[PDB]
């Protein structure tokens, strides 16, 4: 870790982002090697930068976040709650289980979005209620390729353009921007335009990414 401190610094200045952490993948041009390096660095970050007062939201459909969780270990309370920030219909179950797994690890409550008033409407509002308490959002960044309209990428299935302007239960982009601390976890040469869009929209406060990606952005 920490082999690219100057690159981190330039990216922080270029994009007006607080923190960039740059990791080296074992296999620098491989998507899976990249996800595992980012996830591992993410696990460590959360081990040293998480507060017991933090209310965590996670983009549970993200495989990079899946990599983070699989790199962390099991005990006293390490957070206030873990809220699932995106839910859809089955995949969906695996995203629910991931959110739960993270709450178990942190020893805290989980707020989940499982997959003619009916109780499951109230379960959804329970999670929606939590969005306003969230203090640390952890999010993956998806690439597109909506496209023809202007979108290059998404956070939580919320799409944005090349400058980060916006173009299923999930947190909105406006709500995301105001969170105390948003951790982005993303790398891959295909994601650069998407990540720059997210950076330019001001959605991220911390980005953890690989060297090649950081150089593409840089």
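Residue numbers count along the first chain shown, from 1.
(request) Answer with none, 1 to 3, 4 to 9, or 10 or more: how many deposited residues between residue 135 and residue 136 are not present in the coordinates. (result) Nothing is missing.
(message) I'd like the number of residues from the deposited sequence that lie between residue 120 and residue 121 yet are not in the model, binned as none, 1 to 3, 4 to 9, or 10 or more.
(response) None; the chain is continuous from residue 120 to residue 121.
(request) Consider only the C-alpha atoms of the modelled residues in this chain, order them by B-factor as the entry records it, and name the third containing residue 40: lowest, middle or highest. (result) Residue 40: CA B-factor falls in the lowest third of its chain.
(message) Taking only the Cα B-factors deposited for this chain, tell me whether residue 146 sits in the lowest, middle or highest third.
(response) It falls in the top third of the chain.
(message) Which third, lowest, middle or highest, does the C-alpha temperature factor of residue 167 belong to within its own chain?
(response) As the PDB entry reports it, the C-alpha B-factor of residue 167 lands in the middle third of its chain.
(message) For the chain shown, is the CA B-factor of residue 28 in the lowest, middle or highest third of its modelled residues?
(response) Its C-alpha B-factor, which the entry lists for residue 28, ranks in the middle third among residues of this chain.
(request) Report the third (lowest, middle or highest) to which the CA temperature factor of residue 89 belongs, ranking only the modelled residues of the same chain. (result) Tercile = highest for this residue's CA B-factor.
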